[PDB]
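Everything on this sheet refers to the single structure shown next.
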Amino acid sequence: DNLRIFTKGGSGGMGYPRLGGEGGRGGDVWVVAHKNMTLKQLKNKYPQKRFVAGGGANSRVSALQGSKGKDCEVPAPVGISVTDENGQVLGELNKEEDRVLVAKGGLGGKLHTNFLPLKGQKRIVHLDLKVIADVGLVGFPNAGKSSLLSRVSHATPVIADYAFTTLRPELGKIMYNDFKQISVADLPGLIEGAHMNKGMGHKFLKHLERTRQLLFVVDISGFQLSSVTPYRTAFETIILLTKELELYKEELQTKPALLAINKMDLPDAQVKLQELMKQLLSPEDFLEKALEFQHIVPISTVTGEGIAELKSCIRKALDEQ
Amino acid sequence: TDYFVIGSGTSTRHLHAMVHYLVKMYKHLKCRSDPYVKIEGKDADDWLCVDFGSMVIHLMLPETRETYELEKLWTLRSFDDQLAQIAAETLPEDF
Amino acid sequence: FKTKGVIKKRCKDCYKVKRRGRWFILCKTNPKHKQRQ
Amino acid sequence: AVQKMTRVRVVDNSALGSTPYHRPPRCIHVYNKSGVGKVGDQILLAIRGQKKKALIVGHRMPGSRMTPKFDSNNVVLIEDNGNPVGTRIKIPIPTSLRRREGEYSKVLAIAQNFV
Amino acid sequence: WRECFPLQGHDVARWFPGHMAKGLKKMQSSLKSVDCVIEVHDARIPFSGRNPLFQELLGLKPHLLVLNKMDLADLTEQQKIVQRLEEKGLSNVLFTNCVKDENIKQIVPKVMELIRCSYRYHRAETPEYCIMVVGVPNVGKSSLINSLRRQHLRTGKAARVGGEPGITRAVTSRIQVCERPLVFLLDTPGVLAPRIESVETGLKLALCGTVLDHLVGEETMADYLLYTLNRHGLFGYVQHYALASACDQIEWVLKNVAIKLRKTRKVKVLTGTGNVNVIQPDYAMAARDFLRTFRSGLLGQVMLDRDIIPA
RNA sequence: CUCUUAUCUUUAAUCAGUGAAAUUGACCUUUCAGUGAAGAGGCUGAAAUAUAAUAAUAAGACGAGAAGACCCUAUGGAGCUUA
RNA sequence: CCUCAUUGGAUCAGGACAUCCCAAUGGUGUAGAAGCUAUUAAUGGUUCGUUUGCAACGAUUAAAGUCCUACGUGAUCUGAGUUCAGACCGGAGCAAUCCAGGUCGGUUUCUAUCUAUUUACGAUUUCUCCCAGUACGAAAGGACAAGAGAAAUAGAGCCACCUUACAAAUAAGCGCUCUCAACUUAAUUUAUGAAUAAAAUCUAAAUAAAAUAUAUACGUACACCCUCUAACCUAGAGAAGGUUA
Ligand SMILES: Nc1nc2c(ncn2[C@@H]2O[C@H](COP(=O)(O)OP(=O)(O)NP(=O)(O)O)[C@@H](O)[C@H]2O)c(=O)[nH]1
Ligand SMILES: Nc1nc2c(ncn2[C@@H]2O[C@H](COP(=O)(O)OP(=O)(O)NP(=O)(O)O)[C@@H](O)[C@H]2O)c(=O)[nH]1
Ligand SMILES: [Mg+2]
Ligand SMILES: [Mg+2]
Ligand SMILES: [Mg+2]
Ligand SMILES: [Mg+2]
Ligand SMILES: [Mg+2]
Ligand SMILES: [Mg+2]
Ligand SMILES: [Mg+2]
Ligand SMILES: [Mg+2]
Ligand SMILES: [Mg+2]
Ligand SMILES: [Mg+2]
Ligand SMILES: [Mg+2]
Ligand SMILES: [Mg+2]
Ligand SMILES: [Mg+2]
Ligand SMILES: [Mg+2]
Ligand SMILES: [Mg+2]
Ligand SMILES: [Mg+2]
Ligand SMILES: [Mg+2]
Ligand SMILES: [Mg+2]
Ligand SMILES: [Zn+2]
């Protein structure tokens, strides 16, 4: 849903000397808002991604002025954000009837001025619908997010046994007795830091930016996860999660979020769950300000215990904002 | 029809679910000799009407129910307030 | 099946046959590789 | 039989028709493969600068035996989604509309008198 | 009193006859021999109509805008109009009344000075300054030929001036206008656009008389007068038509106007027992006369484009 | 006009009387493909084919007519205007 | 130094296929649904208006194909244009006049001699219902084949009703009824199996099948050798044909 598109502006028609006059401005590319469904059409149908515009007609005898060129248009999903190849946001077609001069048609060739012809501008433009889910799932590897999504919905999520798995987030809409559908997407387990784009990186972390709220899975087994030798406690993991989120974007931390305890089935996990109750809330033996939303519910995905309880809390927060 | 039924629904999604369930049960529940019933108003987003052989069911949203006021017309056959406002006329020349 | 003037194999698995008066290159692994003369 | 350019009588209580206007509505299109329109056939009116869908509920042309021939070409206005524009119909409507293939239950609900 | 004119479901005003197409070809072929191009327009409509093709097709030559029919328009904010027109890229604009030769002298000096800045290339040696006038129908485009024909040459009318649109059909030959600068004018048929922008602009563009009224009916337009006339506050129709008091309903005012003018028709109405022909007051005739008074300026000065110009 | 219909009169048609006109190299006067100058009943190669009427249609015989149009020619005219 | 002049429509259509819809298929960045691309196929069909002088739009449709027939077709009809006799403006010329500049007005007739031609057929498309709100799909959304029912149009007929006439015993449509079989193939897909050690290979190898549109193998219709003074006829221009206790 983060495809890319190249375009080329029409070239300017060359003028006709001895008072023939100007040449038609080359055709320009205007991305035009239409039915939101067009995104599937754009990426798949008309696979050639180069949108080119007709160059303006050359000035003819009798001093005919140029035809002004033939424009080109891109139907796009509503709510799309138009960004440059470099990632700079040119604009967003948030509303309908929102055309954008993405590419510039070649300046009309004029013999009287300095330049006889002029070629049209061509560029790479990213047009992307990064998943705008109602809430998003952010967790470290082996958290259990895919398993959590597996049971709430019927999505057959890829289960990440090892890190760097489930690279593409899987969108799942959660049905409710109220007939309200809530879209939840599970991205892959993220590494510590990632401000330098290490490993998985923060490239997929733009998907969370779109999501209105954040869902935090907290694997109890992750507590004191030896790994190479970080041995991160869940308390540490949350602190790292808050810190890394702030570095990537300050607003991400401010955005509404919920907490989802995982892997509480084991009796030791229940003892750790009491430790989880201890960690955060009241001050502990700390090893900046950080945020605790307190929308934390104790559940175990593998046993499917307490899953129904969490569902309610999520909907309450959603209906609120 | 023998019986006229009007029932409100929470939302458009709920309306579709109720209509589909009734038709599914209708086919299952005997009616082997009896013919089939169409679902009308699918193009409409707030009012769906299904006409069985001897019963007619209209499912609509609260506002649509309030505007049309189907209950009043059939309860009060000729004394409905909206009907009362509809008078008769003739066509005389202007002088 | 594209009807082209010259038939050329595009992969190892592609093989050639002479059916119904014409030459075909048929590839089981990749059906895109099918050509008719 | 209703055709293109016929003059029609709106038999609703809807403001679009009810309001007295010097020009009656005229049919612009008949939704059939046959250009002719009979009872139960939709048509597109040109009513007060607006293009609006409508349904024929009676006409002056003779039909098959045991059906009612009206003295005016009667029509009801329906919204684009198909819901009737007006909420009441006090003029008799033939009962054939029930069994004709199409969606007529909504109009029948709004009609008190049947002939 | 109403709040906003209903525009839902109404269609756009498409006129675009064939002569407005064959004409556009001749105008293109005539670029050879045109030093400057003059756009005439209706002062009541500063920012509407305005066939975009003229800037596009005829943009090669330098341009000058002459807002005509200034007498029957409100120009209290003329200063404001210039400010925004400067933003549009129309540095030089002229207001002129053709019938009473208002400000028509100034046009030729500006055309002279305007041409001096430009280049002439192939025609640099010709001593005759030939310029060309274009615009939408019934803007005084043909009249402007005559007003300058007399103001300078003091000779007389040379182009057929008519009330209804479409009088001048094809691109004609040159018409001599002045002797000292030796300025000739090329008269061309009025072109509107292949596609007007909005239903309202098209509705306004019919008010001033730019498009044949029967293409709009003359009944979805009379209503527009009452709206804007009441909205703008010009309560003059009451006195002119001796109406009881201000109103905002066509069926009522046109009922009064029809009675005042003693005009009635025999109209077929369709009742429930069959068609009947009944004598009735002419709603159609009143709409025409109500329109024809407005356009004659006896109902007051108007600024149809208001709150669009200020901004 | 959608979308035509019925009736009566005229004409038509059959019987009786009278009796023209343009037109006509000769005709025992076919279809298809080819050839040819946009071109074929008649030429080349295939094919079709008892003989004569009566009443209908108008694709063709570059169908028939008129002092029609269009360009060019003549050391052919004529009307009109002049510097 | 400048330049510039046959074609619409109506009626009836014959044909090409370089296919617009309908039908059979290969591939896909084809999950379903929508699409894209290519092969095969000429089957029947391919709308009604507004402004228009060439386009410009509106509302529909399964689709509103592209071309050839001397604008296909004026001894079938019609509007322009070529283009004149009258008359105006604009621009020329001393004038007469003139302009490939505007505009308004404005008569082509034909009895058919020859050729040719004038008496059946075996249906196309669309929508709804069912399968089934299922298969599929995270949801959104949402099929195929199989099966039943409605219409529209075309073709062929009819008059019990209805309608319009003859202010007749009739004729019409706006009324009513009926419409189907495929032996024979193309793209394509299978099965068996050599050249070619395969437990390969659909085969311009020998073989076995399935699979568009077409069509006439196969059906229906027709089939009789036929008196005729005359009358009568739902038969007819004449002649022919039917009927006659
Ligand atoms: N004991 C226990 N095991 C669990 C629980 N939830 C998930 N797991 C186990 O965790 C294993 C590792 O994969 P898992 O973390 O579920 O996948 P993921 O959510 O996609 N991981 P990632 O965070 O990297 O995307 C799974 O195979 C599953 O058995 C739980 O509540 N309890
Ligand atoms: N009041 C007033 N009327 C004017 C003025 N100029 C022209 N008119 C009116 O406008 C009409 C003439 O229009 P005209 O000059 O032919 O303009 P046009 O645009 O060339 N005509 P067309 O529609 O054919 O293109 C007459 O009714 C005349 O009285 C003016 O300055 N004031
Ligand atoms: Mg005789
Ligand atoms: Mg012979
Ligand atoms: Mg030949
Ligand atoms: Mg021969
Ligand atoms: Mg004879
Ligand atoms: Mg002939
Ligand atoms: Mg000589
Ligand atoms: Mg001589
Ligand atoms: Mg044909
Ligand atoms: Mg083909
Ligand atoms: Mg002929
Ligand atoms: Mg004849
Ligand atoms: Mg003369
Ligand atoms: Mg004329
Ligand atoms: Mg006359
Ligand atoms: Mg003429
Ligand atoms: Mg003959
Ligand atoms: Mg089926
Ligand atoms: Zn291959």
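Protein chains in written order, with the entry's author numbering: chain t, 17 to 303, 313 to 346; chain u, 115 to 209; chain 4, 65 to 101; chain L, 31 to 145; chain z, 15 to 325. Virtual Cβ for every residue (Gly too), placed ideally from N, Cα, C.
Contact between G37 (chain t) and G29 (chain t) is ruled out by a C-beta separation of about 11 Å, above the 8 Å threshold. DSSP assignment within the region 121-192 of chain u yields the following whole alpha helix (DSSP H) runs of 4 residues or more, N-terminal first: 126-142, 176-182 and 184-189. Take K219 (chain t), set aside five residues on each side of it, and the residues of its chain with a beta-carbon closer than 8 Å to its own are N213, in chain order. Judged by DSSP in its simplified three-state form, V197 (chain z) adopts strand. Contact between the region 188-197 of chain z and the region 139-146 of chain z is present, with at least three C-beta pairs closer than 8 Å. Comparing alpha carbon positions, the residue from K196 (chain t), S298 (chain t), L206 (chain t) and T258 (chain t) closest to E313 (chain t) is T258 (chain t). Contacts between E207 (chain u) and chain z, judged by CB atoms closer than 7 Å, involve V292 and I293 in chain order. Under the 8 Å criterion on CB atoms, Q80 (chain L) is classed as interfacial with respect to chain z. Residue pairing for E116 (chain z): DSSP places it in a beta bridge opposite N111 (chain z). Annotated three-state conformation of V80 (chain z) is strand, per DSSP. The beta carbon of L90 (chain 4) sits closer than 7 Å to those of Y79, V81 and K98, all from its chain and outside the five residues before and after it, given in chain order. Comparing C-alpha distances from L45 (chain z) to each of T202 (chain z), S156 (chain z), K171 (chain z) and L206 (chain z) shows the shortest one belongs to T202 (chain z). By the criterion of a C-beta distance shorter than 8 Å, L136 (chain u) is surrounded in its chain by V164 and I171, once the five residues flanking it on both sides are discounted. Judged by DSSP in its simplified three-state form, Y238 (chain z) adopts helix. Within 7 Å of the CB of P92 (chain L), no CB atom of chain z is found; the nearest one sits about 15 Å away. Per DSSP, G29 (chain t) is not a residue of any beta strand (DSSP E), being assigned neither H nor E. Excluding its 5 nearest sequence neighbours in each direction, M132 (chain u) has C-beta neighbours in its own chain below 7 Å: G123 and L173, listed in chain order. With contacts defined as CB atoms closer than 8 Å, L104 (chain z) and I121 (chain z) fail to qualify as a contacting pair. Along the region 24-50 of chain z, going in chain order, the ones with a CB nearer than 7 Å to a CB of chain t are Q42, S43, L45 and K46.
Interface flag for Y297 (chain z) against chain L is set, since a Cβ pair is found closer than 8 Å. The DSSP-derived three-state label of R39 (chain L) is strand. By the 16-neighbour rule on beta-carbons within 10 angstroms, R184 (chain t) is exposed. Secondary structure at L312 (chain z): coil, using DSSP grouped into helix, strand and coil. The contact set of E265 (chain z) on chain L, defined by CB atoms closer than 9 Å, consists of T49, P50, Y51 and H52 in chain order. Contact between the region 233-244 of chain t and the region 156-164 of chain t is present: three or more C-beta pairs spanning the two stretches fall below 8 Å.
For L21 (chain z), no Cβ of chain t is located within less than 8 Å of the residue's own Cβ. Under the DSSP assignment, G216 (chain z) falls in the alpha helix (DSSP H) whose first and last residues are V213 to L221. With distances taken between CA atoms, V70 (chain 4) lies nearest to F88 (chain 4) out of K92 (chain 4), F88 (chain 4) and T93 (chain 4). In terms of Cα proximity to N102 (chain t), the closest of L134 (chain t), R20 (chain t), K126 (chain t) and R34 (chain t) is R20 (chain t). For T115 (chain u), the CB contacts under 7 Å within the same chain, skipping 5 residues up- and downstream, are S168, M169 and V170 in chain order.
According to the DSSP assignment, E108 (chain t) belongs to the beta strand (DSSP E) that extends over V105 to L109. Going by beta carbons, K274 (chain z) and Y297 (chain z) fall outside the 8 Å limit. One finds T124, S125, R127, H128 and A131 in chain u with Cβ atoms closer than 8 Å to the Cβ of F195 (chain t), taken in chain order. If you draw a straight line from the Cα of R163 (chain z) to the Cα of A172 (chain z), it comes to about 8 Å. Exclusion of the five residues before and after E112 (chain t) leaves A49 and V94 as the residues of its chain whose Cβ lies within less than 7 Å of its Cβ.
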